[PDB]
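Per-entry structural report
Each chain, written out:
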Amino acid sequence: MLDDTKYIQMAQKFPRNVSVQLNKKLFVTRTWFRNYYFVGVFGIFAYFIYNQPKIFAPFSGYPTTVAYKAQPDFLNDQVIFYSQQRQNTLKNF
Amino acid sequence: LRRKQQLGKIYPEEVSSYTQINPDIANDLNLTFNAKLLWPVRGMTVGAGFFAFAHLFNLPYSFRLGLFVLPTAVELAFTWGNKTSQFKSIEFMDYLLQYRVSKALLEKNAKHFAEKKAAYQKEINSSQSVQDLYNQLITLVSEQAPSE
Ligand SMILES: CCCCCCCCCCCCCCCCCC(=O)OC[C@H](COP(=O)(O)OCCN)OC(=O)CCCCCCCCCCCCCCCCC
């Protein structure tokens, strides 16, 4: 057994009205250092994990696409379009 | 690549035409094809704002350079990739190919339809498509015309 007598005494008896004012500027500085080392360092890894699957497997993020057929309109020099909904699938392996 | 090879080249007029259905058509085609070099203007603007903040609050030049690089990196990351842009470019290229085929047929048959076009202009005051007008006429006949 470890002789933890002093630590046990400290745990049993501690002040219950002592507090220390904290420098808001220094607290904010440390918190924003943590935010800097979070965003500018860990966001690279997080965005890699989030996006690299989306780059190497794009067909699964766009389920439906559209296709068009056109016919001429001579007497009015217009172009008529007919649309169609298709399931986005691989083509020409 | 196959669709772009079939189309050959893309002009801004067709992109403006497809703006009807895809307002971000240009913003997607620029990310899909190597048309022009894309600078992260928004990221650089945010970096300049952070630089002004750092200058005002007397932050180190290393810190402000890092805060300029970071938004630029975010903008580049959110810009490059985006295969949804490639999908929309494929859709636009299909639309453009169909439009060009129809335009080629129009040009081919312009002389043949010239004579008929004058009487059609002199008889019909509407600019709507012949196909749509004929479909409406067919519906009108199916509804009102007596079967007898
Ligand atoms: C559509 C609407 C969108 C709206 C978005 C709004 C965004 C608002 C963002 C507000 C950011 C406030 C940042 C405040 C930083 C305060 C830092 C501070 O108080 O500490 C100063 C300290 C000084 O440095 P020191 O070396 O101690 O030198 C002594 C100089 N007197 O300096 C330091 O110790 C270094 C401080 C580093 C600060 C890092 C900041 C990182 C910010 C990341 C933001 C990411 C946002 C992503 C948004 C994505 C949207 C798609």
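Scroll up to find the structure.
Numbering of residues starts from 1 on every chain and follows the written order of that chain's sequence, so it may differ from the entry's own numbering; residues lacking coordinates are omitted. Each chain takes a letter, starting from A, and each ligand takes a number, starting from 1, following the order in which they are written. For clarity, the chains displayed are a part of a larger assembly, and the values are limited to that part. Calculated side-chain values reflect all of the structure's heavy atoms, with hydrogen atoms and water omitted.

**As for the pattern of salt bridges**
Formally: For this analysis, a salt bridge means a side-chain nitrogen from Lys or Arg found within 4 Å of a carboxyl oxygen belonging to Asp or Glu. Only DSSP runs of H or I reaching four residues or more are called helices, and only runs of E reaching two or more are called strands; each is numbered from the N terminus. Only protein chains enter the accessibility calculation, which uses a 1.4 Å probe; a residue is then buried when its area is under 20% of its type maximum, exposed when over 50%, and partly exposed in between.
For the structure on display, the rule yields 4 salt bridges over all chains. With its nearest N and O atoms 2.8 Å apart, the salt bridge here joins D77 of chain A to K117 of chain B. Taken together, the positions of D77 of chain A in the loop between strand 1 (64–73) and strand 2 (78–87) and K117 of chain B in helix 6 (residues 83–123) put the pair across two chains. Using a relative accessible area of 51% as the deciding quantity, one classes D77 of chain A as exposed. For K117 of chain B, a relative accessible area of 27% gives the class partly exposed.

**Notes on the interface of chain A and chain B**
Applied cut-off: A contact between two residues is defined here by any heavy atoms of the two lying within 4.5 Å. Reported buried area values correspond to the accessible surface (1.4 Å probe) lost by two parts on association, with both partners' losses combined. We define a polar contact as two N or O atoms separated by no more than 3.5 Å, with the added condition that, inside protein, one atom must be a possible hydrogen donor and the other a possible acceptor, whereas residues neighbouring each other in sequence contribute only through side-chain atom pairs. Under the convention adopted here, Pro, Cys and the residues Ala, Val, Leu, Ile, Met, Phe, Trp and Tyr are nonpolar, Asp, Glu, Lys and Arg are charged, and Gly plus all remaining residues are polar.
Contact with chain A, which involves 31 residues of that partner, is made by 36 residues of chain B. Three residues stand out in chain A for area buried against chain B, namely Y68, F74 and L75 of chain A, and they jointly supply 27% of the buried area on that side. In this structure, the connection of chain A to chain B is made through 1 salt bridge. Remark: the boundary between chain A and chain B carries 14 residue pairs in polar contact. For the side of chain A that touches chain B, the secondary-structure elements that each account for two or more residues are helix 2 (24–56), strand 1 and strand 2 of chain A. The element best represented in the side of chain A that touches chain B is strand 1 of chain A, accounting for 9 residues. Of the residues that constitute the side of chain A that touches chain B, the class distribution is 19 nonpolar, 7 polar and 5 charged.

**Details of the site of the ligand**
This is how the line gets drawn: Near residues are defined by distance, with any heavy atom within 4 Å of the molecule or strand qualifying the residue. Shrake-Rupley sampling with a 1.4 Å probe provides the accessible areas, and residues are treated as covered by the protein chains on show and by no other component.
All residues in the neighbourhood of the ligand are listed as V28, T29, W32, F33 and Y36 of chain A together with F53, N58, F63 and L67 of chain B. Near the ligand, residues from chains A and B are present, making the site a shared one. Protein chains shield 42% of the accessible area of the ligand, which is 1,200 Å² for the free molecule. When residues of the shell around the ligand are traced back to their parent elements, those giving at least two are helix 2 of chain A together with helix 5 (61–79) of chain B. Among the elements that line the shell around the ligand, the one with the most residues is helix 2 of chain A, at 5 residues. Its residues assigned to classes, the shell around the ligand comprises 7 nonpolar, 2 polar and no charged.

**Concerning the packing of helix 3 (residues 25–32) of chain B against helix 6 of chain B**
All names here are of chain B. For clarity, the cut-off: Angles here are taken between N-to-C directions and fall from 0 to 180 degrees, while the axes themselves are lines fitted to C-alpha atoms, restricted in helices to the stretch in contact. Working rule for angles: under 35 degrees goes down as roughly parallel, over 145 as roughly antiparallel, 65 to 115 as roughly perpendicular, anything else as oblique. Whether a crossing is left-handed or right-handed is set by the direction in which the near helix is turned from the far one by less than a right angle, anticlockwise for left-handed and clockwise for right-handed.
Where helix 3 meets helix 6, the axes come as close as 8 Å, and the angle between the chain directions of the two elements is 110°. Classified by the angle between their axes, helix 3 and helix 6 sit roughly perpendicular to one another. When you trace helix 3 past helix 6, the crossing you get is left-handed. For the pair formed by helix 3 and helix 6, the contact residues are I25, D28, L29, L31 and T32 on the first element and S85, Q86, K88, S89 and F92 on the second.

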